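Reviewing the structure listed below.
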Amino acid sequence: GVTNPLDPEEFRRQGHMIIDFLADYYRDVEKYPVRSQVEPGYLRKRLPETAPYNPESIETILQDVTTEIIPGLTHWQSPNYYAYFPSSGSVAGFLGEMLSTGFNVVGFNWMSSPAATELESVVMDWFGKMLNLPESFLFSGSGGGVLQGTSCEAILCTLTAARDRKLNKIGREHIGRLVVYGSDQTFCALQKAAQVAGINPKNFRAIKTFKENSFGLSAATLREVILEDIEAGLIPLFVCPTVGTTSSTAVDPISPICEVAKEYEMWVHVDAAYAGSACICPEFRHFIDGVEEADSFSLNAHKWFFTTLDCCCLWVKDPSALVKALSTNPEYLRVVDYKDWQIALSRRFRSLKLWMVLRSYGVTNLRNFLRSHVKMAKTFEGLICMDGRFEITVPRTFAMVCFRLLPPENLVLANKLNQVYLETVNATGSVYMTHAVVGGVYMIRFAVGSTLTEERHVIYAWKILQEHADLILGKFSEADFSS
Amino acid sequence: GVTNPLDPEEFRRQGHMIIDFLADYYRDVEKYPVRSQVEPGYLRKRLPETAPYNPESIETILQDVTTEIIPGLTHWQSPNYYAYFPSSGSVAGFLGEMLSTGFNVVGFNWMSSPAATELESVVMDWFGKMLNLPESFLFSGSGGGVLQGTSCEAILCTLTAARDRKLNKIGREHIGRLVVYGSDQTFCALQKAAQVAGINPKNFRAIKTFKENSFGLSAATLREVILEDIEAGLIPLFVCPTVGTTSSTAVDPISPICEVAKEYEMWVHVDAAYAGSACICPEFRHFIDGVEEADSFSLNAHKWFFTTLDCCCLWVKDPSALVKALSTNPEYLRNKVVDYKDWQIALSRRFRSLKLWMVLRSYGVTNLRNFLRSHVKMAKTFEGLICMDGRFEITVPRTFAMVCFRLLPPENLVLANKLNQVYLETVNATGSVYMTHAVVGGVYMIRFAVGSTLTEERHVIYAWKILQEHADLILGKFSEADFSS
Ligand SMILES: N[C@@H](Cc1ccc(O)cc1)C(=O)O
Ligand SMILES: N[C@@H](Cc1ccc(O)cc1)C(=O)O
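Structure below.
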């Protein structure tokens with residue numbers, strides 16, 4: 017008669033069906049154009065206007081996924097995807113999320129699924145020790161780690177925790193004087209968190225950075241601005257040094273910034289969404305030096321640690337600060361109750377993802393995985409240096425190379465050249481790279497990170513970059529880009 | 017040599033294993049005690065203290081999943097789970113997340129994956145029309161819909177959009193005078209969202225409700241509280257009526273509340289996290305009557321619509337209000359292709375539209391309506407069995423497939463409350479079933495929320511038998527002195 021929507025046998029049948037469908041995808045992903053080539057509004061035309069009144073077969077659905085959905089995909093998993101930052105996936109991360117989705121438990125509290133809580137605390141100490149974080153950030157010591165969806169939610173949590181920590185001492189009425197600090201290379205995650213958290217929009221600070229420091233935030237520039245804010249009657253609150261900025265993978269010196277922050281009793285959050293995972297390797301651990309003097313530390317494991325979207329790792333020194341701000345139980349009362365550490369009350373069993381990756385691949389292989397990406401970028405950097413028509417614009421730090429083609457006001461012309469050049473490369477569908485404008489210079493970002501990417505794909509990307517370079521420069525006229 | 021972590025053939029081999037592992041789980045889930053019986057800290061002792069340097073096999077991990085993880089699970093998907101609101105799943109929903117996790121794209125913007133954005137706008141118009149929402153909430157009309165993770169996240173965005181809308185008019189310095197209104201039955205999503213958004217803690221209102229109104233918020237009482245706040249120099253900002261409260265599944269009258277809210281220029285968010293999905297059935301659509309006069313509306317499709325955790329559906333009349341508060345573009349560019363990150367907190371958006379799309383297609387509106395009807399029928403049957411047993415009592419009117427009841431003794459309330467506390471915990475400890483409680487109007491009452499996808503009528507009858515047998519046991523040896531402490 018009526019089949020249960022969760023029938024075990026029908027679950028097994030369609031389950032194996034989609035597994036093969038996805039294994040075929042990973043096998044054939046190279047045939048698709050990396051950047052989707054559909055036009056805006058294509059999918060509403062091809063789909064009905066209302067939901068069907070009668071059921072449709074999974075076979076019919078999967079066919080529409082092939083003909084209607086896949087064309088509208090920009091293949092983050094394609095081995096020739098070098099845009100933005102890596103959507104790092106793996107087999108282990110996938111299985112952990114399907115076991116999480118199969119169990120389908122709600123981690124509202126410890127009793128709703130004790131394993132959904134304790135396993136998270138264990139793997140966060142695993143991951144933290146691999147990062148060689150101090151004991152002040154671990155359950156082993158006096159700290160604590162929590163898994164969240166994205167970095168912006170994590171930063172929003174530490175921000176409100178820092179906000180409540182100060183306002184509870186000086187009075188809630190001073191919220192309009194709290195100042196959030198960052199560099200002009202910081203992304204929305206900080207400004208967006210400040211907006212949601214009630215910080216006054218005129219009190220967000222994007223401190224200028226200079227080419228002389230590879231656009232890392234200078235603590236000296238930070239102290240000047242803070243003194244300007246204190247003279248204006250403002251209250252310094254929150255500074256977010258970034259290790260591996262989005263634009264050029266810039267690195268803010270954490271230790272000098274913490275020294276400035278403690279003098280003014282400021283919360284320090286280290287934003288390592290992308291590059292943080294590389295600190296598992298001892299030769300990269302120096303990038304988060306000074307994190308021992310910060311209040312929180314966050315990285316997106318889905319950016320460069322194979323878990324698949326999404327899995328943000330937040331380590332804090334004082335979990336009570338989060339609970340004091342995010343819990344809804346009365347203030348006086350304010359086992360681990362993770363729902364008081366983040367925004368989400370209906371937490372997902374996210375620890376299985378990170379638990380599978382750490383066990384399936386182990387520390388030794390995980391270090392070399394990250395090292396292989398950096399080495400492929402270091403090879404791409406070596407190919408650029410050998411072609412006199414190109415230029416490395418900033419120092420490579422983590423597996424991403426920023427470069428630009430050079431022309432044979458001059459900066460304005462060069463920016464237009466690289467914009468047109470890059471767009472013709474992306475329009476082929478063979479590879480995909482995004483750009484950035486740092487210090488007024490238009491530059492191309494090559495972020496090696498996709499799990500399927502091998503050295504042949506990076507060399508293949510270099511050949512296309514050269515062939516289009518031969519194309520635009522061979523017929524170059526500065527009047528074609530002087531508009 | 018080392019194999020690529022995303023090798024297609026290894027993905028195929030291990031993927032089929034997990035599917036068989038989960039199918040076996042759904043087949044045998046009844047054998048586990050519903051509420052986990054492990055002690056706190058059991059898992060830190062059974063697992064190593066560091067990560068392994070060398071890889072471990074999927075066969076080794078899966079066995080550890082069986083012996084270490086599953087024992088520490090409270091089986092929301094067990095057919096004998098009637099505790100908190102349902103964790104509604106299905107095959108179609110599971111396959112949606114699997115495809116979403118498989119593709120593993122990031123919906124940062126339209127370009128990052130056009131299908132990840134456009135499919136969301138289409139299915140939200142699908143679900144909205146199923147709910148008979150006015151076109152002001154649809155992309156066909158004036159409004160739009162967005163997919164988020166949880167309702168508290170959706171309520172936070174809706175609240176900040178209401179906050180910025182007001183403060184942009186009168187000034188940012190008045191954030192300390194904005195008041196957020198709810199009932200004593202509203203959930204902490206409203207309170208938690210107020211705290212994060214910068215609302216002063218002393219400006220959160222939990223308006224008292226009464227048994228005379230089944231604990232639904234009275235618009236007359238709301239207006240009284242507003243006048244006191246206005247007379248005290250405060251700004252009313254945001255009222256959040258709830259259809260299907262968490263404790264007694266109470267319902268607030270939307271139409272008279274928006275009438276009060278329109279008088280004082282207040283944002284109205286209709287919170288229907290659990291009961292919202294039931295309104296695709298015409299006989300239940302009356303519960304969200306008056307939503308035409310609210311600003312936003314939210315339900316949890318993972319609570320009662322077979323998507324899987326997580327999937328929150330938020331419709332708004334004015335999406336630009338969300339963009340103005342959540343976008344990071346300068347304020348003069350927000351003041352003018360969908361960009362869904364500007365509708366929520368998360369920038370790195372997940373391909374959540376697949377879940378909802380797979381559920382709507384795989385089952386259809388007709389079968390989806392009947393699915394919810396079967397849960398309500400089973401609950402109403404559970405209600406009938408209780409009325410036929412003179413020892414039990416229905417504490418509040420049942421509205422959406424959840425029944426509230428209590429065991430009666432042969457103040458009396460303190461005794462009856464202690465009886466049901468002992469009665470309930472003795473039943474839950476058996477592991478045969480799991481039901482949570484709530485203290486509404488000073489009365490301790492047991493909650494029977496029928497919602498687990500695998501729950502059939504035989505499980506409901508089985509839970510009634512367990513309740514009757516324990517009722518015979520507790521009352522058979524009853525003494526006032528055993529509960530008067
Ligand atoms: N938000 C990132 C893009 C990104 C987000 C999430 C990812 O998993 C990967 C890449 C950026 O602007 O660069
Ligand atoms: N917040 C719910 C718990 C819950 C959350 C999500 C669900 O899908 C189900 C139940 C409660 O306290 O009752």
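Residue numbers (the deposited numbering), protein chains in the order written: chain B, 17 to 350, 359 to 432, 457 to 531; chain A, 17 to 352, 359 to 432, 457 to 531. From the three backbone atoms N, C-alpha and C, an ideal C-beta is built for every residue, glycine too.
Asked                                                                                                                    : Found
Length of the line joining the Cα atoms of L459 of chain B and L407 of chain B                                           : 24 Å
Where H302 of chain B sits in the DSSP three-state scheme                                                                : helix
Contact list for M140 of chain B against chain A, beta-carbon separation under 8 Å                                       : Those do not exist, as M140 of chain B stays about 11 Å from chain A at its closest Cβ, beyond 8 Å.
beta-carbon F124 of chain B near ligand 2 non-hydrogen atom, thresh 6 Å                                                  : yes
Proximity test, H318 of chain A beta-carbon vs ligand 2 heavy atom, cut-off 6 Å                                          : yes
Burial state of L349 of chain A (16 or more Cβ within 10 Å)                                                              : exposed
Cα-Cα separation between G17 of chain B and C426 of chain A, rounded to whole angstroms                                  : 31 Å
C-alpha distance - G292 of chain A paired with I304 of chain A, whole-angstrom precision                                 : 8 Å
Whole-number beta carbon distance between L147 of chain B and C295 of chain B, since they are thought to touch under 8 Å : 5 Å
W126 of chain B vs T117 of chain B beta-carbon contact at 7 Å                                                            : no
Strand pairing of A222 of chain A, partner residues [DSSP]                                                               : A:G198
Counterpart residues of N316 of chain A in DSSP-defined beta bridges                                                     : A:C328
Environment of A205 of chain A [buried if 16+ CB atoms lie within 10 Å]                                                  : buried
Span separating the alpha-carbon of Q201 of chain B from that of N316 of chain B                                         : 18 Å
Boundaries (first-last residue) of the beta strand (DSSP E) holding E415 of chain B                                      : 414–416
Among A:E347, A:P71, A:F404, nearest to residue 355 of chain A - alpha-carbon criterion                                  : Between 352 and 359 the numbering of chain A has a gap, and residue 355 of chain A falls inside it, with no coordinates.
Endpoints, alpha helix (DSSP H) assigned at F37 of chain A                                                               : 24–44
8 Å contact criterion, which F529 of chain A and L465 of chain A should meet: CB distance rounded                        : 5 Å
7 Å Cβ cutoff met for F422 of chain A and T265 of chain A                                                                : yes
Neighbour flag for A131 of chain B against chain A, beta carbons, 7 Å                                                    : yes
Helix, strand or coil at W510 of chain B according to DSSP, with G and I counted as helix                                : helix
Same chain, Cβ closer than 6 Å to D311 of chain A, five either side skipped, listed in chain order                       : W283, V284, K333
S370 of chain A beta carbon near ligand 1 (any heavy atom closer than 6 Å)                                               : yes
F101 of chain A: CB within 6 Å of a non-hydrogen atom of ligand 2                                                        : yes
Chain B contacts made by the stretch 306–332 of chain A, where a contact means CB separation under 8 Å                   : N316, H318, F322, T324, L325, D326
Alpha carbon of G477 of chain A to alpha carbon of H516 of chain A, nearest angstrom                                     : 13 Å
Local Cβ density within 10 Å of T472 of chain A, reported as buried at 16 or more and exposed below that                 : exposed
Contact set for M410 of chain A: own chain, Cβ-Cβ below 8 Å, skip 5 residues either direction                            : none
Distance CB(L149 of chain B)-CB(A209 of chain B) smaller than 7 Å                                                        : no
Chain-ordered chain B contacts of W92 of chain A [CB-CB under 7 Å]                                                       : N120, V121, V122
Chain-ordered neighbours of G214 of chain B on chain A, where CB pairs are closer than 7 Å                               : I191, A213, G214
Cα-Cα separation between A527 of chain B and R301 of chain B, rounded to whole angstroms                                 : 48 Å
Same chain, Cβ closer than 8 Å to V339 of chain A, five either side skipped, listed in chain order                       : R350, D361, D364, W365
Nearest-angstrom Cα separation, counted from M424 of chain B out to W379 of chain B                                      : 27 Å
Inter-residue Cα distance where the pair is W320 of chain B and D268 of chain B                                          : 19 Å
Amino acids of chain A, ordered along the chain, whose beta-carbon sits closer than 9 Å to that of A288 of chain B       : Under the 9 Å cutoff, chain A gives no residues; its nearest Cβ is about 15 Å from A288 of chain B.
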